[PDB]
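Comments concern the structure below.
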Ligand SMILES: CCC[C@H](C(=O)Nc1ccc(S(N)(=O)=O)cc1)C(C)(C)C
Ligand SMILES: [Zn+2]
């Protein structure tokens, strides 16, 4: 099965998921000098006041904080998007070292981690239908650098001991994802894909320009998670990121000058 090791990692994925070599794969490097300001892009609208978190799950590749997406409670609209996209889960990718871990890069710079807030287009009725459409998902990507702690992340950090291994879940209600956002909503946007198998080309990527800062202790706790299940040999969940893929016939647009 796919993963992030030498024998089942990103270089291998194309054998089971040929779309790995497709025309709109993610992540990509964001060359800031080549991205074009698009004055017709609208401001993002992030409406998370009614968010209802439910559960946190270690799925063997990352951990997902899941939300009630059966009503318009936490939605993303505006920016490059037409219509309403519902928040279904967020998760992170991170490194074994502070100098790596992000999936997107910015002028080839790697951040310590990257947060993905995953949303799906309500016109397709459910998430499984949405992933089969070219405009099915909108993922808000936010870079993490190591410095000061992010207070709004701490409730996530503190439950991680309870979901150490693959297949473990824990109740995770009343979490407010607004506490994970930077001050600015300036962004880059481009059409791409899921960054793990099945690598479906269904994502409008919206990557914020401003990173959040998290503490060394916070990212260290991410690195104590396990890819393996309980009672299996311990493999630390680190370096669960896919490297930058060729941009091909795409232009990255910026919401800002
Ligand atoms: C068909 C999809 C399967 C489901 C899924 O949501 N996968 C997924 C993969 C990558 C990203 S990312 N890194 O934001 O691009 C977001 C979601 C699954 C396996 C149930 C979690
Ligand atoms: Zn992701």
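Heads up, chain A uses Swiss-Prot numbers, so what you see runs 4-260.
Quick check of the header: X-ray crystallography, 1.6 Å.
Cβ coordinates come from backbone N, Cα and C, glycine included.
Summarising the annotation, Swiss-Prot assigns active site, proton donor/acceptor to 64. Annotation comment: Swiss-Prot describes 94, 96, 119 as Zn(2+) binding site, evidence class experimental evidence. The substrate binding site annotation in Swiss-Prot covers 198, 199. Look at Swiss-Prot and you will find 165, 172 tagged as phosphoserine. Annotation comment: Swiss-Prot describes 7, 62, 67 as site 'Fine-tunes the proton-transfer properties of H-64'.
Shown here: features listed in Swiss-Prot, placed on the structure.
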residue : record                                                   : DSSP class
7       : site 'Fine-tunes the proton-transfer properties of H-64' : coil
62      : site 'Fine-tunes the proton-transfer properties of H-64' : coil
67      : site 'Fine-tunes the proton-transfer properties of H-64' : strand
94      : Zn(2+) binding site                                      : strand
119     : Zn(2+) binding site                                      : strand
165     : phosphoserine                                            : helix
172     : phosphoserine                                            : strand
198     : substrate binding site                                   : coil
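Neighbour count (other Cβ atoms within 10 Å of the Cβ, all protein chains): 13 for residue 165 (phosphoserine). Each of 65, 93, 95, 106, 117, 118, 198 belongs to the same chain as 94, 96, 119, is absent from that list, and has a C-beta within 8 angstroms of the C-beta centroid marking the Zn(2+) site.
Nearest by CA distance to residue 199 (substrate binding site), out of the recorded positions 7, 62, 67, 119, 165, is 7. Around residue 119 (Zn(2+) binding site), a 10 Å sphere centred on its CB holds 24 further CB atoms from the protein chains shown.
In the vicinity of ligand 2, defined as a Cβ distance under 6 Å, the following of the recorded positions 7, 119, 172, 198 are placed: 119, 198.
Residue 94 (Zn(2+) binding site) sits 14 Å from residue 172 (phosphoserine), taking the CA atoms of both as reference points. Among the recorded positions 64, 67, 96, 165, 172, no residue has its Cβ under 6 Å from any atom of ligand 1.
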